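**Student:** Residue numbers (the numbering used here), protein chains in the order written: chain A, 296 to 421; chain B, 157 to 281. Ideal placement from N, C-alpha and C gives every residue a C-beta, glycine not left out. Sharing a structure, written as structure tokens. Questions coming.
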Amino acid sequence: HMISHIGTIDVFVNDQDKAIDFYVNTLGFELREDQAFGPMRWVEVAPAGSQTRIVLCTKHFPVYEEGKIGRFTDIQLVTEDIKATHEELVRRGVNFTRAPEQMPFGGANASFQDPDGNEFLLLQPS
Amino acid sequence: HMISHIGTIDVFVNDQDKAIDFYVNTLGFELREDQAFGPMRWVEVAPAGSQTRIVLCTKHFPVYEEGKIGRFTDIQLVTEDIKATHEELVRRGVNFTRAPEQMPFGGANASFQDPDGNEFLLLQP
Numbered sequence: 296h297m298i299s300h301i302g303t304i305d306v307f308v309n310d311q312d313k314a315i316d317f318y319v320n321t322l323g324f325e326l327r328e329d330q331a332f333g334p335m336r337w338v339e340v341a342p343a344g345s346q347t348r349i350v351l352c353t354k355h356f357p358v359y360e361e362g363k364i365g366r367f368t369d370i371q372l373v374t375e376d377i378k379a380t381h382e383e384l385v386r387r388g389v390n391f392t393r394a395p396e397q398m399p400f401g402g403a404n405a406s407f408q409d410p411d412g413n414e415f416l417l418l419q420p421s
Numbered sequence: 157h158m159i160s161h162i163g164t165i166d167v168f169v170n171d172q173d174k175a176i177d178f179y180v181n182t183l184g185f186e187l188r189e190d191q192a193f194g195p196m197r198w199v200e201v202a203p204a205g206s207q208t209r210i211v212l213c214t215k216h217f218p219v220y221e222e223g224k225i226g227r228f229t230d231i232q233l234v235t236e237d238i239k240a241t242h243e244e245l246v247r248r249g250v251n252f253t254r255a256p257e258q259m260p261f262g263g264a265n266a267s268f269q270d271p272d273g274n275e276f277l278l279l280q281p
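In structure tokens:
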């Protein structure tokens, strides 16, 4: 179809190397891209086998604005086992702003942050 | 793997009927969810066959904050033929803030807005 899919969503970070370490080694994402360009570096990470990728943006990126590092990202990540994933991420040092919580809405959600305070929703669907 | 994929991204709109009409009818997205839960309506739209969905949210959602309606969404949408897509969307009344142009480091992109001024990048990789 005309528009096939959502390719990427931007997440803004203070340090791409530190963020790559977080997203890949602690969250378990794949490092999808890491290519120099201007001074700029294009960094993409994504859950293994997933279609849409997160672009880890610094400033220099024309897409950035002040306030974009360390906000609620409005992104909802999906897990098949929120209990296990919560426990494992906490073990690796991840800050959960809200622990797993059963929903009326069926399934269960939680909220966590990356090291810059970028906040994600974590969902096990019904 | 603990996290399987990005399920959803929020986009904030003034009127969900109108936004449905734009995303579903004008952009060609599938209406994935449309459920009333009291005074709030859960609406999801996504490109056909695509994994991640857009949740069409309002002012009255707990995830809302002042200024979230009508901004650059930080979303790149993918097309295999940006010339064709651009021209078709223009025929359908879509306002492009930037026409397609070759990127310095490969590919081509453009940017357009929904009726509330939410802005998307459109990319032919």
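Evaluate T241(B) with the Cβ neighbour count: other Cβ atoms within 10 Å of its Cβ, from every protein chain shown; 16 or more gives buried, anything less gives exposed.
**Tutor:** Numbered from its first residue, the second sequence carries residue 241(B) at position 85. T241(B) should be labelled buried.
**Student:** Could you please give the first and the last residue of the uninterrupted beta strand (DSSP E) stretch that includes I165(B)?
**Tutor:** Position 9 of the second sequence holds residue 165(B). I165(B) -> beta strand (DSSP E) spans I159 to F168.
**Student:** Identify the continuous beta strand (DSSP E) that holds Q207(B) and give its terminal residues.
**Tutor:** Mapped onto the second sequence, residue 207(B) falls at position 51. Where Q207(B) is concerned, there is no enclosing beta strand (DSSP E), given that its DSSP letter is neither H nor E.
**Student:** Would you say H300(A) faces chain B, with C-beta separation under 8 Å as the test?
**Tutor:** What you label residue 300(A) is simply residue 5 of the first sequence in a count that begins at 1. So yes, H300(A) belongs to the interface.
**Student:** With H, G and I counted as helix, E and B as strand and the rest as coil, what does DSSP make of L384(A)?
**Tutor:** Translated into positions along the first sequence, residue 384(A) becomes position 89. In the structure shown, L384(A) sits in a helix (DSSP, three-state: H, G or I).
**Student:** With DSSP as the reference, identify every bridge partner of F193(B), one or two as the case may be.
**Tutor:** On the second sequence, residue 193(B) is found 37 positions in, with the first residue counted as 1. Per DSSP, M196(B).
**Student:** Starting from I370(A) and walking both ways along the alpha helix (DSSP H), at which residues does that stretch end?
**Tutor:** Taking the first sequence and counting its residues from 1, the one referred to as residue 370(A) is at position 75. Premise fails: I370(A) lies in the beta strand (DSSP E), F367 to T374, not in any alpha helix (DSSP H).
**Student:** With DSSP collapsed to three states, give me the class of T321(A).
**Tutor:** On the first sequence, residue 321(A) is found 26 positions in, with the first residue counted as 1. Three-state result, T321(A): helix.
**Student:** To the nearest angstrom, report how far apart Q280(B) and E236(B) are at their CA atoms.
**Tutor:** Translated into the one-based positions of the second sequence, residue 280(B) becomes position 124. Translated into the one-based positions of the second sequence, residue 236(B) becomes position 80. Approximately 5 Å between the Cα atoms of the pair.
**Student:** Measure the beta-carbon distance from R366(A) to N413(A) and round it to whole angstroms, keeping in mind my assumption that it falls under 8 Å.
**Tutor:** As a working note, residue 366(A) is residue 71 in the first sequence. As a working note, residue 413(A) is residue 118 in the first sequence. The pair is a contact, with the Cβ atoms about 7 Å apart (cut-off 8 Å).
**Student:** Should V340(A) and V319(A) be called a contact, given that it needs their Cβ atoms to be closer than 8 Å?
**Tutor:** As a working note, residue 340(A) is residue 45 in the first sequence. As a working note, residue 319(A) is residue 24 in the first sequence. Yes; because the gap between Cβ atoms is below 8 Å, this pair is in contact.
**Student:** Looking at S160(B) and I301(A), is the spacing between their C-beta atoms short of 8 Å?
**Tutor:** Taking the first residue of the first sequence as 1, we reach residue 301(A) at position 6. Taking the first residue of the second sequence as 1, we reach residue 160(B) at position 4. Contact: no.
**Student:** How should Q258(B) be labelled, buried or exposed, when 16 other C-beta atoms within 10 angstroms of its C-beta is the threshold for buried?
**Tutor:** As a position in the second sequence, residue 258(B) is number 102, starting the count at 1. Classification for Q258(B): exposed.
**Student:** Need the endpoints of the beta strand (DSSP E) that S267(B) sits in, please.
**Tutor:** Counting from 1 along the second sequence, the entry for residue 267(B) is found at position 111. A264 to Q269 is the span of the beta strand (DSSP E), which, as asked, contains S267(B).
**Student:** Please tell me whether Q311(A) and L351(A) are closer than 8 Å, where the distance is taken between their beta carbons.
**Tutor:** One-based indexing of the first sequence puts residue 311(A) at position 16. One-based indexing of the first sequence puts residue 351(A) at position 56. It is a contact, given that the beta carbons lie within the stated cut-off.
**Student:** Can the beta-carbon of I225(B) be found closer than 8 Å to that of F276(B)?
**Tutor:** Here residue 225(B) is taken as the residue at index 69 of the second sequence, counted from 1. Here residue 276(B) is taken as the residue at index 120 of the second sequence, counted from 1. Their beta carbons are not under 8 Å apart, which means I225(B) does not touch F276(B) by this criterion.
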